$ cat model-v7.cif   # mmCIF, C-alpha atoms and all ligand atoms
data_start
loop_
_atom_site.label_atom_id
_atom_site.label_comp_id
_atom_site.auth_asym_id
_atom_site.auth_seq_id
_atom_site.Cartn_x
_atom_site.Cartn_y
_atom_site.Cartn_z
CA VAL A 1 3.29 -5.79 -5.76
CA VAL A 2 4.03 -8.89 -7.84
CA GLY A 3 1.50 -11.67 -7.58
CA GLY A 4 -0.97 -9.75 -5.51
CA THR A 5 -4.78 -9.37 -5.24
CA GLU A 6 -6.75 -6.22 -5.07
CA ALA A 7 -7.23 -5.14 -1.41
CA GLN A 8 -10.67 -4.32 0.05
CA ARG A 9 -11.12 -0.47 0.44
CA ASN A 10 -10.95 -0.47 4.13
CA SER A 11 -8.49 -3.27 4.84
CA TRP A 12 -5.31 -1.25 5.25
CA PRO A 13 -6.24 2.26 6.34
CA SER A 14 -2.71 3.31 7.44
CA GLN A 15 -1.42 3.00 3.85
CA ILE A 16 -0.52 6.22 2.09
CA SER A 17 0.50 7.17 -1.37
CA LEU A 18 3.73 9.30 -1.53
CA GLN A 19 3.55 11.48 -4.59
CA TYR A 20 5.85 14.05 -6.32
CA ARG A 21 4.91 17.02 -8.58
CA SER A 22 5.66 15.98 -12.12
CA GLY A 23 5.27 19.02 -14.34
CA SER A 24 1.70 20.04 -13.78
CA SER A 25 0.61 16.60 -12.46
CA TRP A 26 1.32 14.30 -9.50
CA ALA A 27 2.79 10.85 -9.80
CA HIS A 28 2.93 8.05 -7.27
CA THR A 29 6.47 7.24 -6.12
CA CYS A 30 6.32 5.32 -2.81
CA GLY A 31 4.25 4.00 -0.15
CA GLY A 32 4.27 4.90 3.57
CA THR A 33 2.37 4.42 6.84
CA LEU A 34 0.48 7.09 8.70
CA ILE A 35 1.85 6.91 12.19
CA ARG A 36 0.51 10.15 13.64
CA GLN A 37 -2.32 12.43 12.30
CA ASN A 38 0.58 14.60 11.16
CA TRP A 39 3.47 12.13 10.60
CA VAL A 40 4.24 9.45 7.96
CA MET A 41 6.91 6.78 8.07
CA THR A 42 8.54 5.83 4.71
CA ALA A 43 11.99 4.92 3.36
CA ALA A 44 14.77 7.45 3.16
CA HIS A 45 15.35 6.24 -0.41
CA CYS A 46 11.95 7.71 -1.44
CA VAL A 47 13.10 11.19 -0.46
CA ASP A 48 16.64 11.31 -1.88
CA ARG A 49 15.43 13.64 -4.65
CA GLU A 50 14.66 17.20 -3.85
CA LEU A 51 11.14 17.22 -5.33
CA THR A 52 7.88 18.57 -4.09
CA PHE A 53 6.00 15.76 -2.28
CA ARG A 54 2.46 15.20 -1.18
CA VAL A 55 0.68 12.63 0.90
CA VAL A 56 -2.54 10.86 -0.09
CA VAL A 57 -4.54 9.24 2.74
CA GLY A 58 -7.65 7.10 2.03
CA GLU A 59 -6.40 6.21 -1.40
CA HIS A 60 -7.68 3.17 -3.09
CA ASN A 61 -7.60 3.85 -6.96
CA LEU A 62 -4.69 6.01 -8.06
CA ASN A 63 -6.52 7.15 -11.20
CA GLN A 64 -10.10 7.64 -9.91
CA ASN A 65 -11.89 9.59 -7.31
CA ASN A 66 -12.82 7.22 -4.45
CA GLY A 67 -14.72 9.92 -2.54
CA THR A 68 -12.38 9.07 0.50
CA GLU A 69 -9.05 10.97 -0.33
CA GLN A 70 -7.26 13.51 1.70
CA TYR A 71 -4.34 15.40 0.07
CA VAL A 72 -1.69 16.77 2.41
CA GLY A 73 1.61 18.66 1.81
CA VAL A 74 5.00 17.58 3.29
CA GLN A 75 6.31 20.24 5.62
CA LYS A 76 9.56 18.76 6.92
CA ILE A 77 11.48 15.66 5.98
CA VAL A 78 13.77 13.90 8.55
CA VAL A 79 15.87 11.08 7.20
CA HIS A 80 17.87 8.82 9.42
CA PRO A 81 21.29 10.51 10.07
CA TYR A 82 23.23 7.33 9.06
CA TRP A 83 21.31 6.75 5.73
CA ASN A 84 23.58 6.82 2.82
CA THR A 85 22.12 6.91 -0.69
CA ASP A 86 25.08 4.84 -1.99
CA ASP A 87 24.75 2.03 0.44
CA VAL A 88 21.09 0.64 0.90
CA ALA A 89 22.58 -2.56 2.13
CA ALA A 90 23.91 -0.64 5.11
CA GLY A 91 20.32 -0.05 6.19
CA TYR A 92 18.89 2.98 7.90
CA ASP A 93 16.35 3.17 5.08
CA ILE A 94 13.86 5.18 7.10
CA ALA A 95 12.24 8.63 6.99
CA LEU A 96 9.62 10.56 8.86
CA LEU A 97 7.52 13.13 7.10
CA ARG A 98 5.85 15.83 8.99
CA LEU A 99 2.55 16.87 7.19
CA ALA A 100 1.47 20.50 6.58
CA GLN A 101 -1.84 19.51 8.27
CA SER A 102 -3.32 16.84 10.51
CA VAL A 103 -5.63 14.42 8.59
CA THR A 104 -9.06 13.39 9.84
CA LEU A 105 -9.32 9.78 11.04
CA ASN A 106 -12.26 7.61 9.79
CA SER A 107 -12.66 4.06 8.39
CA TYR A 108 -10.36 4.70 5.48
CA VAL A 109 -7.85 6.62 7.62
CA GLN A 110 -6.27 5.15 10.78
CA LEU A 111 -2.88 5.06 12.32
CA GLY A 112 -0.49 2.18 11.82
CA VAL A 113 0.30 0.21 14.93
CA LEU A 114 4.15 -0.08 15.55
CA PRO A 115 5.77 -3.09 17.22
CA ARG A 116 7.39 -2.97 20.53
CA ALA A 117 11.16 -2.01 20.34
CA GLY A 118 13.32 -5.04 19.65
CA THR A 119 10.54 -7.30 18.52
CA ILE A 120 11.72 -10.04 16.11
CA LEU A 121 9.26 -12.37 14.43
CA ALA A 122 9.47 -16.05 14.14
CA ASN A 123 10.35 -17.63 10.81
CA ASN A 124 7.43 -17.96 8.47
CA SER A 125 5.33 -15.38 10.31
CA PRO A 126 2.03 -14.36 8.62
CA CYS A 127 2.52 -10.98 6.95
CA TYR A 128 1.07 -8.95 4.10
CA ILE A 129 2.80 -6.38 1.73
CA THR A 130 0.67 -3.68 0.36
CA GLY A 131 1.14 -1.10 -2.30
CA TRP A 132 0.72 0.44 -5.65
CA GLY A 133 4.05 -0.66 -7.07
CA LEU A 134 4.82 -2.60 -10.27
CA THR A 135 2.84 -5.74 -10.90
CA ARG A 136 5.53 -7.54 -12.90
CA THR A 137 9.30 -6.85 -13.05
CA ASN A 138 9.75 -3.95 -15.55
CA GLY A 139 5.90 -3.77 -15.64
CA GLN A 140 3.55 -0.99 -14.72
CA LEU A 141 2.14 0.45 -11.43
CA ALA A 142 -1.17 -0.94 -10.17
CA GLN A 143 -4.11 1.32 -10.28
CA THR A 144 -5.79 -0.16 -7.20
CA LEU A 145 -4.15 -1.10 -3.85
CA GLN A 146 -2.75 -4.53 -4.07
CA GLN A 147 -1.84 -7.00 -1.25
CA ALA A 148 0.33 -10.10 -1.22
CA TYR A 149 0.79 -12.72 1.48
CA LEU A 150 4.47 -12.62 2.27
CA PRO A 151 5.68 -14.80 5.25
CA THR A 152 8.82 -13.85 6.94
CA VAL A 153 12.11 -15.44 6.52
CA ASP A 154 14.29 -15.21 9.55
CA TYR A 155 17.77 -13.62 9.59
CA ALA A 156 19.70 -16.90 9.79
CA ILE A 157 18.10 -18.14 6.62
CA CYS A 158 17.96 -14.71 4.98
CA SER A 159 21.66 -14.05 5.48
CA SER A 160 22.70 -17.39 4.20
CA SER A 161 24.55 -17.62 0.99
CA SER A 162 21.79 -19.00 -1.11
CA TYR A 163 19.65 -16.06 0.04
CA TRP A 164 20.93 -12.56 0.51
CA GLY A 165 24.22 -13.35 2.31
CA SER A 166 25.80 -10.45 3.91
CA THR A 167 23.76 -7.95 2.02
CA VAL A 168 21.07 -8.30 4.71
CA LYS A 169 21.59 -7.00 8.32
CA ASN A 170 19.71 -7.80 11.53
CA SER A 171 18.25 -4.32 11.23
CA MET A 172 16.18 -5.66 8.36
CA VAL A 173 13.19 -8.02 7.94
CA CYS A 174 13.01 -10.33 4.94
CA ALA A 175 9.74 -11.67 3.71
CA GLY A 176 8.56 -13.76 0.73
CA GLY A 177 11.06 -15.19 -1.79
CA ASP A 178 8.75 -17.79 -3.40
CA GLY A 179 9.43 -16.65 -6.99
CA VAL A 180 5.81 -15.60 -7.32
CA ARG A 181 5.03 -12.82 -4.92
CA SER A 182 7.00 -9.74 -4.02
CA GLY A 183 7.32 -6.11 -3.58
CA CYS A 184 8.48 -4.23 -6.67
CA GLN A 185 9.45 -0.67 -7.51
CA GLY A 186 6.79 1.80 -6.38
CA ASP A 187 6.15 -0.23 -3.15
CA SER A 188 9.43 1.19 -1.50
CA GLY A 189 8.50 2.86 1.74
CA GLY A 190 5.27 0.94 2.27
CA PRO A 191 4.25 -1.39 5.04
CA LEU A 192 4.81 -5.09 5.81
CA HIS A 193 1.76 -5.73 8.09
CA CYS A 194 2.20 -8.71 10.41
CA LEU A 195 -0.26 -10.48 12.63
CA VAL A 196 0.79 -10.45 16.26
CA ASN A 197 -1.55 -11.29 19.14
CA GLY A 198 -4.53 -10.85 16.82
CA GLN A 199 -3.56 -7.35 15.68
CA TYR A 200 -1.88 -6.24 12.44
CA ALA A 201 1.28 -4.21 13.18
CA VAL A 202 3.72 -2.63 10.70
CA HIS A 203 7.04 -4.44 11.21
CA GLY A 204 8.67 -3.55 7.88
CA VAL A 205 9.28 -0.43 5.70
CA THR A 206 9.85 -1.72 2.09
CA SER A 207 13.49 -1.18 1.09
CA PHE A 208 14.82 -3.36 -1.66
CA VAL A 209 14.46 -6.27 -4.03
CA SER A 210 17.01 -7.91 -6.31
CA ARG A 211 18.66 -6.18 -9.27
CA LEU A 212 17.78 -9.40 -11.06
CA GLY A 213 14.06 -8.81 -10.68
CA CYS A 214 11.26 -8.27 -8.16
CA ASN A 215 10.04 -11.85 -7.78
CA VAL A 216 13.12 -13.98 -7.56
CA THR A 217 13.17 -17.37 -5.74
CA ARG A 218 15.35 -17.06 -2.62
CA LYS A 219 15.52 -13.31 -2.89
CA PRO A 220 12.90 -12.16 -0.40
CA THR A 221 11.79 -8.60 -0.37
CA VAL A 222 13.85 -6.70 2.30
CA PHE A 223 12.31 -4.29 4.76
CA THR A 224 13.76 -1.94 7.30
CA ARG A 225 12.94 -3.51 10.59
CA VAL A 226 10.66 -0.95 12.36
CA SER A 227 11.33 -2.52 15.82
CA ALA A 228 14.95 -1.43 15.53
CA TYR A 229 13.89 2.21 15.19
CA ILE A 230 11.28 2.87 17.84
CA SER A 231 13.57 5.09 20.04
CA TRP A 232 14.59 7.15 17.00
CA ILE A 233 11.01 7.45 15.81
CA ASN A 234 9.79 8.65 19.18
CA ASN A 235 12.79 11.04 19.59
CA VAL A 236 11.93 12.72 16.27
CA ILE A 237 8.39 13.14 16.98
CA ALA A 238 8.70 14.49 20.52
CA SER A 239 11.02 17.18 19.30
CA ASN A 240 9.68 18.12 15.85
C1 LIG B 1 10.92 1.97 -4.57
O1 LIG B 1 9.80 2.47 -4.76
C2 LIG B 1 11.91 1.87 -5.57
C3 LIG B 1 11.78 2.62 -6.69
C4 LIG B 1 12.80 2.66 -7.64
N1 LIG B 1 12.65 3.37 -8.77
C5 LIG B 1 13.95 1.89 -7.49
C6 LIG B 1 14.08 1.09 -6.42
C7 LIG B 1 13.08 1.07 -5.42
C8 LIG B 1 13.21 -0.03 -4.36
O2 LIG B 1 12.27 -1.12 -4.67
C9 LIG B 1 11.57 -1.72 -3.69
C10 LIG B 1 10.85 -3.00 -4.04
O3 LIG B 1 11.63 -1.40 -2.49
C11 LIG B 1 14.63 -0.60 -4.30
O4 LIG B 1 14.82 -1.76 -4.69
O5 LIG B 1 15.63 0.11 -3.69
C12 LIG B 1 16.96 -0.50 -3.64
#

$ encode --input "model-v7.cif" --output "structure tokens"
Amino acid sequence: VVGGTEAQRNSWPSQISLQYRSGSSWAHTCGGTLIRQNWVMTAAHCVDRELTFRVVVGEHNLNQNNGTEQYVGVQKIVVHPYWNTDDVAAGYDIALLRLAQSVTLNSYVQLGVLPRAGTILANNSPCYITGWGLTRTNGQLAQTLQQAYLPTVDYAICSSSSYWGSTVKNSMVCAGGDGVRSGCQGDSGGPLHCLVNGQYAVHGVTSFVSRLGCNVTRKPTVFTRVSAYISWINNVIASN
């Protein structure tokens, strides 16, 4: 997260760290959202590599023991059938991770609330991006969970030429694009939490920023629109 502020410990308790085994250590790669005590939602992109992955719930500082962590193995990964590694701008940047165990829910560990199917937000809707990603373009990961206020930008503006054009599809949410605040690599997979009827709900799974840089005026961060996937997400869980 470019241009963000440290989050309070308990603000975003559905945030996870997606980590891979890196020699004899574990490194953060992605975010995600805990959606069931045994299921995480992230981006397909985050699991293109055939690596050994773990989930961290209740994470605040990547490098220090918070006294609130739970560390859980990934038992099965289910990527969207239409995801293609070579075409992110096609969309379907969505994955569901089944965990090797159910996590215990407490103040640091809650489920993410998903929108109703089909739900589209109005332009300039109040949303936050969270995550441990890079804090400048070509910079380094954050140690503590960062948040940025990132209002939405509706599809008609986002798909205009001076924005993303045709790169962006109505299966995606765009948010931000001020030049100052963004998602950045390491936030892929994470949540875009948006305030609807006085409750924060996860409308976005972080997908991409510009090759030109993370914080680029009129290049909003692009999310997979969760409301487009609710039938698929339910259909996976009921059967897996
Ligand atoms: C996501 O964590 C990530 C990581 C790496 N190494 C490259 C790209 C990405 C995505 O970044 C974000 C901000 O989502 C990405 O831009 O995918 C196209």

$ closest_atom_pairs --input "model-v7.cif" --of "chain A" --to "ligand LIG 1 (chain B)" --cutoff "9 Å" --atoms "all atoms listed in the file" --output "JSON lines"
{"residue": "A:1", "atom": "CA", "partner": "B:LIG1", "partner_atom": "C10", "distance": 8.2}
{"residue": "A:29", "atom": "CA", "partner": "B:LIG1", "partner_atom": "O1", "distance": 6.0}
{"residue": "A:30", "atom": "CA", "partner": "B:LIG1", "partner_atom": "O1", "distance": 4.9}
{"residue": "A:31", "atom": "CA", "partner": "B:LIG1", "partner_atom": "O1", "distance": 7.4}
{"residue": "A:43", "atom": "CA", "partner": "B:LIG1", "partner_atom": "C1", "distance": 8.5}
{"residue": "A:45", "atom": "CA", "partner": "B:LIG1", "partner_atom": "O5", "distance": 7.0}
{"residue": "A:46", "atom": "CA", "partner": "B:LIG1", "partner_atom": "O1", "distance": 6.6}
{"residue": "A:88", "atom": "CA", "partner": "B:LIG1", "partner_atom": "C12", "distance": 6.2}
{"residue": "A:89", "atom": "CA", "partner": "B:LIG1", "partner_atom": "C12", "distance": 8.3}
{"residue": "A:133", "atom": "CA", "partner": "B:LIG1", "partner_atom": "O1", "distance": 6.9}
{"residue": "A:134", "atom": "CA", "partner": "B:LIG1", "partner_atom": "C10", "distance": 8.7}
{"residue": "A:182", "atom": "CA", "partner": "B:LIG1", "partner_atom": "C10", "distance": 7.8}
{"residue": "A:183", "atom": "CA", "partner": "B:LIG1", "partner_atom": "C10", "distance": 4.7}
{"residue": "A:184", "atom": "CA", "partner": "B:LIG1", "partner_atom": "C10", "distance": 3.7}
{"residue": "A:185", "atom": "CA", "partner": "B:LIG1", "partner_atom": "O2", "distance": 4.0}
{"residue": "A:186", "atom": "CA", "partner": "B:LIG1", "partner_atom": "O1", "distance": 3.5}
{"residue": "A:187", "atom": "CA", "partner": "B:LIG1", "partner_atom": "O1", "distance": 4.8}
{"residue": "A:188", "atom": "CA", "partner": "B:LIG1", "partner_atom": "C1", "distance": 3.5}
{"residue": "A:189", "atom": "CA", "partner": "B:LIG1", "partner_atom": "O1", "distance": 6.6}
{"residue": "A:190", "atom": "CA", "partner": "B:LIG1", "partner_atom": "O3", "distance": 8.3}
{"residue": "A:205", "atom": "CA", "partner": "B:LIG1", "partner_atom": "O3", "distance": 8.6}
{"residue": "A:206", "atom": "CA", "partner": "B:LIG1", "partner_atom": "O3", "distance": 4.9}
{"residue": "A:207", "atom": "CA", "partner": "B:LIG1", "partner_atom": "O3", "distance": 4.0}
{"residue": "A:208", "atom": "CA", "partner": "B:LIG1", "partner_atom": "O4", "distance": 3.4}
{"residue": "A:209", "atom": "CA", "partner": "B:LIG1", "partner_atom": "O4", "distance": 4.6}
{"residue": "A:210", "atom": "CA", "partner": "B:LIG1", "partner_atom": "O4", "distance": 6.7}
{"residue": "A:211", "atom": "CA", "partner": "B:LIG1", "partner_atom": "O4", "distance": 7.4}
{"residue": "A:214", "atom": "CA", "partner": "B:LIG1", "partner_atom": "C10", "distance": 6.7}
{"residue": "A:221", "atom": "CA", "partner": "B:LIG1", "partner_atom": "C10", "distance": 6.8}
{"residue": "A:222", "atom": "CA", "partner": "B:LIG1", "partner_atom": "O3", "distance": 7.5}
{"residue": "A:223", "atom": "CA", "partner": "B:LIG1", "partner_atom": "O3", "distance": 7.8}

$ closest_residue --input "model-v7.cif" --among "A:128, A:26, A:20, A:108" --to "residue A:204" --atoms "all atoms listed in the file"
A:128

$ atom_distance --input "model-v7.cif" --atom1 "atom CA of residue A:235" --atom2 "atom CA of residue A:200"
23.8 Å

$ closest_residue --input "model-v7.cif" --among "A:76, A:54, A:49, A:9" --to "residue A:21" --atoms "all atoms listed in the file"
A:54

$ residues_around --input "model-v7.cif" --residues "residue A:193" --least-positions-apart "3" --cutoff "7 Å" --atoms "all atoms listed in the file" --output "list in words"
residues 127, 128, 129, 200, 201, 202 and 203 of chain A

$ atom_distance --input "model-v7.cif" --atom1 "atom CA of residue A:132" --atom2 "atom CA of residue A:83"
24.4 Å

$ closest_residue --input "model-v7.cif" --among "A:152, A:192, A:40, A:6" --to "residue A:115" --atoms "all atoms listed in the file"
A:192

$ atom_distance --input "model-v7.cif" --atom1 "atom CA of residue A:25" --atom2 "atom CA of residue A:56"
14.0 Å

$ closest_residue --input "model-v7.cif" --among "A:198, A:69, A:98, A:52" --to "residue A:23" --atoms "all atoms listed in the file"
A:52

$ residues_near_point --input "model-v7.cif" --point "(4.4, -1.5, 19.6)" --cutoff "10 Å" --atoms "all atoms listed in the file" --output "MDAnalysis selection string"
chainID A and resid 112:119 201:203 226:227 230

$ closest_residue --input "model-v7.cif" --among "A:232, A:149, A:53, A:12" --to "residue A:94" --atoms "only C-alpha atoms"
A:232

$ residues_near_point --input "model-v7.cif" --point "(12.3, -20.8, 12.0)" --cutoff "8 Å" --atoms "all atoms listed in the file" --output "list in words"
residues 122, 123, 124, 153 and 154 of chain A

$ axis_aligned_box --input "model-v7.cif" --around "stretch 149-160 of chain A" --padding-each-side "6 Å" --output "AutoDock Vina command-line options"
--center_x 11.7 --center_y -15.4 --center_z 5.6 --size_x 33.9 --size_y 17.5 --size_z 20.3

$ closest_residue --input "model-v7.cif" --among "A:106, A:125, A:37, A:42" --to "residue A:194" --atoms "all atoms listed in the file"
A:125

$ residues_around --input "model-v7.cif" --residues "residue A:145" --least-positions-apart "5" --cutoff "7 Å" --atoms "all atoms listed in the file" --output "PyMOL selection string"
chain A and resi 6-7+60-61+130-132

$ write_last_selection --input "model-v7.cif" --atoms "C-alpha atoms" --output "CSV table (one decimal), in the frame of the given file"
chain,number,residue,atom,x,y,z
A,6,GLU,CA,-6.8,-6.2,-5.1
A,7,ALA,CA,-7.2,-5.1,-1.4
A,60,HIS,CA,-7.7,3.2,-3.1
A,61,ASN,CA,-7.6,3.8,-7.0
A,130,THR,CA,0.7,-3.7,0.4
A,131,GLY,CA,1.1,-1.1,-2.3
A,132,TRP,CA,0.7,0.4,-5.6
